[PDB]
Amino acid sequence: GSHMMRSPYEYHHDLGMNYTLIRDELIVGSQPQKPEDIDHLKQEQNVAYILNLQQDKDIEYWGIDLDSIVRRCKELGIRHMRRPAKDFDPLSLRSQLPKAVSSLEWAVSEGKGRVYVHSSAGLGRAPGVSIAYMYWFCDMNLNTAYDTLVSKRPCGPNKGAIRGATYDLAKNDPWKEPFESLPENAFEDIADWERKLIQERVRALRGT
């Protein structure tokens, strides 16, 4: 009916799982709600991996029977991966970014089909993870990676968290140069050695 918009971006769980193709290897969207959403993704999008960024309490709140989703994945040869991060929490997204990205980049490199990256709405966590991936592993800077995502799938993923994760992986002696004491554009882009260091540390998180 008639209604003021709660916030700038709203999650309409009642409209079913939604998603957006961002690059050919990479889909970002909301939680699959049923085993049938897995079949959809296999049949329509050649998805061979699911990266789920939700906590257990998210999954309980949204009433999802994750065991049956995961069972369907196994039946269809899809690999289902969990890397939880807190909802509405940019410091949690930041802390978990490197592990989440290692799972996504591993899957893309394995090459069996597309990767479906999701959180609850795919408005916060999953877009952040995807933007970090395109920045660190697809030879862009942070602003270009950010716009690649939000121009296709509008939302306000937290840029500071991604930039802060880039610092966490790349900066020598952080205690000497705290993130908060550095110019705001710091680590919006990276030198070649930094890009190589970040990639080595991310790939070394594989299977951890």
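Throughout, we count residues from 1 along the sequence that is shown.
- Per-stretch averaging of Cα B factors for 33-41 and 162-170 places 33-41 on top.
- For the pair 5-13 and 187-195, the record assigns the higher mean C-alpha temperature factor to 5-13.
- Between the residues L53, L66, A145, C155, the entry's highest C-alpha temperature factor is the one at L66.
- Looking at the C-alpha B-factors along this chain, the one for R71 belongs to the highest third.
- Looking at the C-alpha B-factors along this chain, the one for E180 belongs to the middle third.
- In this PDB entry, the Cα temperature factor of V129 sits in the bottom third of its chain's modelled residues, the lowest group.
- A107: CA B factor in the highest third of modelled residues in this chain (values from the PDB entry).
- Among the modelled residues of its chain, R94 has a C-alpha B-factor that falls in the lowest third according to the deposited record.
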